[PDB]
Amino acid sequence: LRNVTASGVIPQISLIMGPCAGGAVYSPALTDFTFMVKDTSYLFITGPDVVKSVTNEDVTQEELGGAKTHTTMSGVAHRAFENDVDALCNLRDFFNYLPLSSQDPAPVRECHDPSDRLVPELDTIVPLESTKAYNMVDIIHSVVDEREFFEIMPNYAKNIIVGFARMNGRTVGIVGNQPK
Amino acid sequence: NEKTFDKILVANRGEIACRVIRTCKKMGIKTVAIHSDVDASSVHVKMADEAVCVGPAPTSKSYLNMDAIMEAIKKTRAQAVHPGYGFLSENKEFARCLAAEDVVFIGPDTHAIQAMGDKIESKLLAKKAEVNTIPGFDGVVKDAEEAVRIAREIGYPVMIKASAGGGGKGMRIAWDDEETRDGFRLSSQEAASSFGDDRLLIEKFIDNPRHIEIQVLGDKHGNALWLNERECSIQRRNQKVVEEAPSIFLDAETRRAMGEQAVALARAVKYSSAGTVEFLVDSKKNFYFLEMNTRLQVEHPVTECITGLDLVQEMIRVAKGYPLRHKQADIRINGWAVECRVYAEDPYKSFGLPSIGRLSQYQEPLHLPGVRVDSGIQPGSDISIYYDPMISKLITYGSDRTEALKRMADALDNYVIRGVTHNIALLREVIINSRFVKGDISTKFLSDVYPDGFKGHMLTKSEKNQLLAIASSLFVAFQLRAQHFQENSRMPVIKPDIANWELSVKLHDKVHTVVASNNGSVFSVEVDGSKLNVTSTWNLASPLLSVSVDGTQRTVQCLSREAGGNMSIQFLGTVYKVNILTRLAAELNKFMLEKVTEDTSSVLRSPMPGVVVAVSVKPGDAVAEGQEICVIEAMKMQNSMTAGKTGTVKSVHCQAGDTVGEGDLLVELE
């Protein structure tokens, strides 16, 4: 209930760092973003034993609810990290982007990249022949401040790109088609 | 005020086309340029007043397709053609077609090019011009007195070689007649015992064969001027990397003797353009004719700087038939110039390996003193598989050799190239190398100085401490900037009050304890017990960061960084990967399990269902990283598959016209 009451009021972030089974999996699903640690965390309502007993399927915990499964197949997790330390560092970095509540504007921090910087490399990025693809991530990197881009679901549904970046120090959300 | 061709067509791509166009605009000549399909937006096409496509991307179908160029010349009413270097500079047939259409060719006559083209005649012409002899002996050496006769005809030093065998068995250098008699006797006995063949050959030998070449300028009137020599000894894979003028080895007497003999040869063959007479020079300053280049060379700018002369302008004036305005006595050596050709190659693989990609950012260091850059690329340029990897010629000029070498090192540290791998690290290390600085150089310099391979700069204890301090200061600066939010009335921010940052920094499998504090823009860093001070503006967005460590000025680049702690730093031209953690984070990291990390990129598989349009590789072929292996079509998008890494094709599992599926093996790389 509290999760649902807090949705859209204050950001909520979940980091799955170990086993997580049963109804406990639903609270992270209600939060805004879910991150997973590789090889040591998993999410599933029912464990492999019940799956084998009921549907006669053989699967391991990693296959059933591993970080790779939920970051590449189910679209449940947003990012997978190598370690607890790496995950926590990236979590701090990510938290830097968000506002504290819906009553506050988008965070604006000190910026060194000039807002009028030209990007001549984009003048020929798009091939003339519509049968050749390019990488939209290159355009995104060129346009944003310091070429820094925090991508969301980088390995899931790769035909679209979503993420966080900064323009003139102000947090922005990037959505783009991926012709590649 | 000097009449010249009204319009000129430059049949070349890359830096040379841009270089010629700049001169034509300077002289008021209108310009036309030829481009393949892929080079449509290249700087030369943009620079040219008019441009014409001459064909498909492969060079054979474009630059070497004379018919397409000829139609273009007719279409543009082009008065004259400048061929630059490579491609059709030396092709006789093109000159004939130009002559048929009454188009002036800016260069020498076909006979002069052909005469030098033949090795056998070129020597007879060199002997007749009385230039240092380079004799070739087709017959066998019968005895030790015939060996001495032949050695005197060739000139000392000579190399005695066995006709059979390999690996340098039965080879001897002889410096005089007595060493020839023993060298022949010993080599014949060694060859008879090792190979059952006593037949010997005698060729000239060159101690430390420094490659020294004299530029020459010729006119229809028959007047000729010698330009000062150029040292091009530093070379990789038979391709020159660093060139300098004048040579640090030649005195005023030898240099003049070389210049006079090069002009004697040029007059003997009635040369009518800028050219180069190449020599091998031994440790005793004996010089021997190698070949006479009959085209403007790539290393022409270093000569232009010391002489003060524009070779392209002179080539155009001679083509109009205007007489030369200079006499040998007017040609001085002013200062010192060094050129370092820049390539898109991995210096670490072999000495150079071709690399391909889009230049996502490119910034030349022109602002720095005594720097001239000859390039044919811009930001967004695509270094393609079809052509030479040369990014630019980087040239530095000084009042003396030291000043030129210092400005170069500074220029290489200030050169920004992003999106391809490049040889700047190798160039920068050659320029500062104690042998190169002393002028102890030969054509073997790169193999002698780096026998195992290029491993990048090697840091001295002080350099390592400076690099660690700079990295720690950069890390702390990023962390500090992370805390500078704008005012939030609802929730004021509370500054994290930290006086000292304790960091574990991993450089090369070694972990260093660092304690960093700051005051204003000054960072005090204790590295393993050594105190350093780092000062800078700490602009974290600019590609180049200038810092002062204990008063020593450094220019560093931050190529990439991650929240985890990884950081790539270009320092002294080399890219070092460091990993920075806080002390507590480093301590807690000890409980993390090392992962398998097994992910082979050798196998290349199909990402999505489709039809294989074409396959660009076959077993045994060499593929550079990022090089296309095959193209897959789906929903008419011509998807391209790229090689994971540089290597060869162990096996090709796909064929054109075959409907592949996702997760299907396409090719294997070693």
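Definitions and cut-offs
Residues numbered from 1 in each chain as written, not as in the entry; some residues may be left out. Chains lettered and ligands numbered in written order. Part of a larger assembly, values for the part shown. Heavy atoms only, no water. Helix = DSSP H or I, 4+ residues; strand = E, 2+ residues; numbered from the N terminus. Buried < 20%, exposed > 50% of the residue type's maximum accessible area, 1.4 Å probe, protein only. Pairing = 2+ DSSP bridges. Patch = residues over 30% accessible without salt bridge, like charges linked within 9 Å, V, L, I, M, F, W, Y side chains within 5 Å. Areas by Shrake-Rupley, 256 points an atom, 1.4 Å probe, with all protein chains shown as cover. Salt bridge = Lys/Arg side-chain N within 4 Å of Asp/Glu carboxyl O. Contact = heavy atoms within 4.5 Å. Polar contact = N/O pair within 3.5 Å; in protein donor to acceptor, adjacent residues only side chain to side chain. Nonpolar A, V, L, I, M, F, W, Y, C, P; charged D, E, K, R; others polar. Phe/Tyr/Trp six-rings, centres within 6.5 Å; stacked < 30°, edge-to-face > 60°.

- By the method listed in its record, cryo-EM, this PDB entry was determined to a resolution of 2.2 Å.

1. Remarks on unusual backbone geometry
Residue and element names in this part refer to chain B.
Right, so step 1: Between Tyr-156 and the following residue, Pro-157, the backbone shows a cis peptide bond with an omega angle of -10°.
Right, so step 2: Mapped onto the elements of the fold, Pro-157 is located in the loop between α7 (144-154) and β6 (158-162).
Right, so step 3: Note that the residue after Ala-245, namely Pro-246, is joined by a cis bond; omega there is -10°.
Right, so step 4: Within the secondary structure, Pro-246 is located in the loop between β13 (242-245) and α9 (252-268).
Right, so step 5: In this structure, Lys-270 is a non-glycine residue whose phi angle is positive, near 55°.
Right, so step 6: On the secondary structure map, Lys-270 appears in the loop between α9 and β14 (274-281).
Right, so step 7: By relative accessible area, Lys-270 is classed as exposed at 70%.

2. Brief notes about the pairing of strand β27 (residues 544-549) of chain B
All names here are of chain B.
Right, so step 1: Sheet topology places strand β26 (residues 530-535) next to β27; two bridges connect them, and they run antiparallel. Residue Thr-535 lies in a different strand from β27, and its bridge partner there is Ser-548.
Right, so step 2: With six bridges joining them, β27 and strand β28 (residues 552-561) adopt antiparallel strand pairing. Its bridge partner being in β28, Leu-545 is matched across the sheet by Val-556.
Right, so step 3: What sits between β27 and β28 in their antiparallel hairpin is a turn of two residues, with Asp-550 showing a positive phi close to 50°.

3. Points about a nonpolar patch on the surface
Right, so step 1: Judged by side-chain polarity, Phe-95 and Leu-100 of chain A together with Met-491 of chain B come together as a nonpolar surface patch covering roughly 270 Å² of accessible area.
Right, so step 2: In this fold, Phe-95 of chain A is placed in helix α6 (residues 84-95).

4. Observations regarding the interface of chain A and chain B
Right, so step 1: Each side of the interface is counted separately: chain A has 35 residues, and chain B has 31 residues.
Right, so step 2: In this assembly, chain A and chain B are joined by three salt bridges.
Right, so step 3: Put simply, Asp-39 of chain A and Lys-595 of chain B hold a salt bridge, and the shortest N to O gap is 3.2 Å.
Right, so step 4: Where chain A meets chain B, there are twelve residue pairs in polar contact.
Right, so step 5: In terms of residue class, the side of chain A that touches chain B is built from ten nonpolar, nine polar and 16 charged.

5. Section: the packing of aromatic side chains
Right, so step 1: For the coordinates displayed, the defined rule picks out 21 aromatic pairs over all chains.
Right, so step 2: Both rings, one in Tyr-63 of chain B and one in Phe-87 of chain B, keep their centres 4.9 Å apart while their planes meet at 20°; by these two values the pair is stacked. On the criterion of sequence distance, the pair formed by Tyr-63 of chain B in the loop between β3 (50-55) and α3 (66-76) and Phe-87 of chain B in the loop between β4 (80-82) and α4 (92-100) is long-range, its members being 24 residues apart.
Right, so step 3: Owing to a relative accessible area of 31%, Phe-87 of chain B belongs among the partly exposed residues under this scheme.
Right, so step 4: Aromatic side chains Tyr-386 of chain B and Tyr-387 of chain B sit 6.2 Å apart centroid to centroid with 55° between the ring planes, which places their arrangement in the tilted category.
Right, so step 5: By relative accessible area, which is 41% here, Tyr-386 of chain B ends up partly exposed.
Right, so step 6: Aromatic rings pair up to connect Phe-33, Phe-35, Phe-81, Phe-94, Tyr-97, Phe-150 and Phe-164 of chain A into one cluster.

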